[PDB]
């Protein structure tokens, strides 16, 4: 195969806190550009998200929000983040709770314990050309278990609108409303499905608490070694449609959709 070619230094055009380069050690496919990279969700037609600041629940903590008196930890069942911003080992990755991070109505500081997803993407990720799966995303560094990796970002749309979108490859159900990353998306639109995934999606609230519109944050379910491809389970709602077209090629010996 070819020497690895750098096809973009940063697909995010400087919108993330580190670059996300795109490389291709496989073929002559250019940097994918059939979409607009956005680092945070957007709308076309109005969604009418409740952003009334008086509707936020918030905490009155006088510490770093690591005590069980933190309202925002109570809304999350407990604050699940350790000192390093990783999910505690007791976090239920099979059936995650809703996470309520602290917000601008809370009395606590911007650096309190209960603020991880709102700080954005930190890990060094790379869009790369796979052999048999199109584009995929890898980590350039070791990512310990329980680490916030990236958010599924895109265009917030209604259920009805999602049903008439010609392309459905980039649809994520909220739980109804959807995120479509087809026209507007971030790096997460390129993550492939894996039957034994190293990422789990968690529903998170931050600047608003409109329960119709959780934000989708991927956390590592295990140590992800430098070089490894990122993968999450796309779910039955996906595979029921896409299965009639093509089979899963994740190569797991515990694969469920080939």
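Positions refer to the first chain, counted from 1.
Residues of the deposited sequence that sit between residue 168 and residue 167 yet are not modelled | Missing in between: none.
Got a sec? Mean C-alpha B-factor, which is higher, 11-19 or 231-239?
-> Mean B over CA atoms: larger for 231-239.
Out of 131-139 and 118-126, which stretch has the higher average CA B-factor listed in the record?
-> The recorded data point to 131-139.
Name the residue from 28, 39, 198, 57 with the greatest C-alpha temperature factor listed in the entry.
-> Among 28, 39, 198, 57, the PDB entry lists the largest C-alpha B-factor for 28.
Using the B-factor values recorded in the entry, state whether the Cα atom of residue 214 falls in the lowest, middle or highest third among the modelled residues of its chain.
-> According to the entry, residue 214 has a C-alpha B-factor in the chain's lowest third.
How does residue 158 rank on Cα B-factor within its chain, lowest, middle or highest third?
-> Residue 158: CA B-factor falls in the middle third of its chain.
Would you please rank residue 62 by its C-alpha temperature factor against the other modelled residues of its chain and give the third it falls in: lowest, middle or highest?
-> Tercile = highest for this residue's CA B-factor.
Please place residue 111 in the lowest, middle or highest third of its chain by C-alpha B factor as given in the entry.
-> It belongs to the middle third of the chain when residues are ordered by C-alpha B-factor.
Lowest, middle or highest third: where is residue 89 by Cα B-factor in its chain?
-> According to the entry, residue 89 has a C-alpha B-factor in the chain's highest third.
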